[PDB]
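Both blocks below hold the same protein chain, though in two forms, and each is given as structure tokens: structure 1 and structure 2.
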Structure 1
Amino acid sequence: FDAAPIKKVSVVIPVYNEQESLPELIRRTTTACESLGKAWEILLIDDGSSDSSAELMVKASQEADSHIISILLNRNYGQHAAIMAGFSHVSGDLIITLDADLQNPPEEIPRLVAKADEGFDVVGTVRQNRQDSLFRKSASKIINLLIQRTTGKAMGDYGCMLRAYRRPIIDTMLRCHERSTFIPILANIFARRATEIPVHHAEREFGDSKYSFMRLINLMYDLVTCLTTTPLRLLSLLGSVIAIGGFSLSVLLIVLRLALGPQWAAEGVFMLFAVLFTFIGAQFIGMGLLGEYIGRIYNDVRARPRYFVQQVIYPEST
């Protein structure tokens, strides 16, 4: 777990129509950062805000002895794209991500900085006081189950964006080819050592959440497609089940009619429907056959590392 000590830190905050909370956010974040006794930097990214957020950001950047860098984008690209834009400019050894709605307490930064200074590459967080509602709860349960099945371990909370990373992870991720990503998952791919911290949560003080239904469906699709290619494998299973059922039912119908003779007027249509079901299952099998190669192409185009080494131990003589 040994690592070089941290001497500078950077903070990345995506902003999108959050003029109401920005004034308090700036003061609280500045106080928290100054409480570290460490060199600090702040970067604010405007994801195509329609309100006056950009004006406040530039005004803050123009204040005397200001440590705030303002970055403007020509349109709305998304939260993670803005985070990548922020990463492209950071100069500190440790990177902190934070939300602009102020639901994440800025006062938790020093704990993350300390734990990362112990030597850990990636430090996560878990919301001890987490709202419970059937939709979010079920989604989180299924998503965490899939994540632990795939990665081999559970990360506690994936939806919390209050996290810390070291610069090498940022440099590694920034060179990836894939255009769409989920930063918390993509970070664990290159992490040699990880930990977590409990933190408390609060509701947004002003405005409304920007994640609508479609903007949430897109996020779910991105997450699932970034995790695994497994869904392409269930089509063949479903087709096999349907085909076996149809074939067995047709054979049983033939045997029953031969043994007992005619029974109903609509017997022939039933046999034809059974054959139709068998063909429909064969169609699912074919689609899964296509999906296998499609997934292979996707993985090859992605060009992720084929393996990751945790450490190498040579003897006294190489």
Structure 2
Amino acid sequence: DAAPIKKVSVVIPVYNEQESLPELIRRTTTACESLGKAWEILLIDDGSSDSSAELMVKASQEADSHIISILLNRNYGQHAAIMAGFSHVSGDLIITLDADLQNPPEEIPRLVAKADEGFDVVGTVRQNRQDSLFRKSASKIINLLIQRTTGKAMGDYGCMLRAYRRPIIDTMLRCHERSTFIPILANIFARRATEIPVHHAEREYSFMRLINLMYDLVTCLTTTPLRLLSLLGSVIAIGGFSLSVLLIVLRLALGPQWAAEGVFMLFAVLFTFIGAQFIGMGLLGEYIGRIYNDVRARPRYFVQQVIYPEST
């Protein structure tokens, strides 16, 4: 069906944005008014300490305002702020935006139009951002891994400008896992998805953040690394056993060859035991991985429609 969008909800986490709030609000309001549909704006203050909350309250209390302000008691994180925002939306299309104006609000109409064609998730890709070699390689690896796992590609995973339909948000609200990534979670349930190119501000994370993010993504996406240990251990054990047998055969055939042959055979046995240790660790990982999946308990399926035979 061609179920169209009739209301748009915008979610913007706020944390120490005193300088950028006025222009952000003005541009977002103008962009939303250009849609021709009903709309609302949600501002979530993640425990700011620079008078942002007062500005948000003033904006909410202004005449003819479409802004809903949500105040958290302290800082909890951008992911938690976004999840809190999702719990108070009312429209059928949800859009996430950055409060630093790094992504222009003027792109919202394009996302709305694309979603009106029948897509559940609409993403964005930043053009010619000129990242460093390591960051570009990491982006390529992450895109390939996500495409292989979820079946949907993602050119830019760190981009904040994205659109979701209401059922996607409803299902994502059912996942209580503390460590995750919202764009991956959306694609885990999306049927139809696409991405479009966008531009960005030319000028505006540390390495320690990058390493932790890589670990989080790998743990959220797959458990194969636990499986690779058994393969490595089996290879090592087979090599060690083959060398041990070959040493005895060679000594029995051509007699003694070196003064330290016994040491070499003992080293081969040691390598075999070391490989067995890797096999054991992989065996433990097999259970640990399933424990984790059962613990975080994502939904198994969703039913779209049920057709019963006519009663007559």
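The term rigid core refers to the most C-alpha atoms you can superpose between the two forms while keeping them within 1.5 Å. For residue numbers, the reference is structure 1: its sequence is counted from 1.
Undergrad: For the list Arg28, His67, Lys59, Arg257, which one shows a CA move of 2 Å or more between the two structures after the core is fit?
TA: Among the listed residues, the one whose C-alpha moves by 2 Å or more is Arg257.
Undergrad: Honestly, after the rigid core fit, is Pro231 moving at least 2 Å at Cα between the two structures?
TA: Superposed on the core, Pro231 moves its C-alpha 2 Å or more between the two structures.
Undergrad: For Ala114, decide whether the Cα shift between the two structures is 2 Å or greater, given a superposition on the rigid core.
TA: The answer is no, as the C-alpha of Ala114 shifts between the two structures by less than 2 Å after core alignment.
Undergrad: For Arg149, is the CA shift between the two structures at least 2 Å following rigid-core superposition?
TA: Yes; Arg149 is a residue whose C-alpha shifts (by 2 Å or more) between the two structures when the cores are overlaid.
Undergrad: If the core is used for the superposition, what shift in Å does the C-alpha of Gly288 show between the two structures?
TA: Comparing the two forms, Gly288 shifts 4.2 Å at C-alpha.
Undergrad: How many angstrom apart are the two C-alpha positions of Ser133 between the two structures, if you fit on the rigid core?
TA: Shift of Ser133 at C-alpha, rigid core superposed: 2.7 Å.
Undergrad: Report, to one decimal in Å, how far the Cα of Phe182 moves between the two structures once the rigid core is superposed.
TA: With the cores aligned, its C-alpha sits 1.1 Å away.
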